[PDB]
Amino acid sequence: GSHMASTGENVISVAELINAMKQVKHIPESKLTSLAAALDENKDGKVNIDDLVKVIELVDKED
Ligand SMILES: [Ca+2]
């Protein structure tokens, strides 16, 4: 249930997230929508902004 964005952070939608990254970046939208839908725990079309920041923080980690 209540597990994601427990930081108390805002929420954006999948389409707006893909759109934002589609216009503020030029990465393959396939990944954009897939990642948003993967972060979309409820599969509702809405994704926590926390998820974006945490996924970037996690992707930021070099290996
Ligand atoms: Ca959701």
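We number each residue from 1, going along the chain as drawn.
Using N, Cα and C of the backbone, Cβ positions are placed for all residues, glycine too.
Record features (Swiss-Prot):
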| type | residues | note |
| --- | --- | --- |
| BINDING | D40, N42, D44, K46, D51 | Ca(2+) binding site |
| DOMAIN | 27-62 | domain 'EF-hand' |
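Here is what the PDB entry records for this protein:
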| type | residues | note |
| --- | --- | --- |
| SEQADV | 1-6 | expression tag |
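Feature map: Swiss-Prot annotations on the structure.
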residue: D40; record: Ca(2+) binding site; DSSP (3 states): coil
residue: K46; record: Ca(2+) binding site; DSSP (3 states): strand
residue: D51; record: Ca(2+) binding site; DSSP (3 states): helix
> ligand 1 is in the model; which of the binding-site residues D40, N42, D44, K46, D51 have a C-beta less than 6 angstroms from one of its atoms?
Replying inline: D40, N42, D44, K46
> When you average the Cβ positions of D40, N42, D44, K46, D51 for the Ca(2+) site, which other residues in that chain have a Cβ within 8 Å of that mean position?
Replying inline: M4, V11, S13, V14, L39, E41, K43, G45, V47, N48
> Residues of the same chain, at least six outside the expression tag (1-6), with any C-beta under 8 angstroms of its C-beta?
Replying inline: 39, 41, 48-51
> What is the Cβ neighbour count of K46 (Ca(2+) binding site) at a 10 Å cut-off, with all protein chains included?
Replying inline: 16
> What is the one among the binding-site residues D40, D44, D51 whose Cβ has the most other Cβ atoms less than or equal to 10 Å away?
Replying inline: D51
> Near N42 (Ca(2+) binding site), which residues of its own chain have a C-beta under 8 A away, given they sit six or more steps off in sequence?
Replying inline: none
> By DSSP, how many residues in the expression tag (1-6) are helix, how many strand, and how many coil?
Replying inline: 0 helix, 0 strand, 6 coil
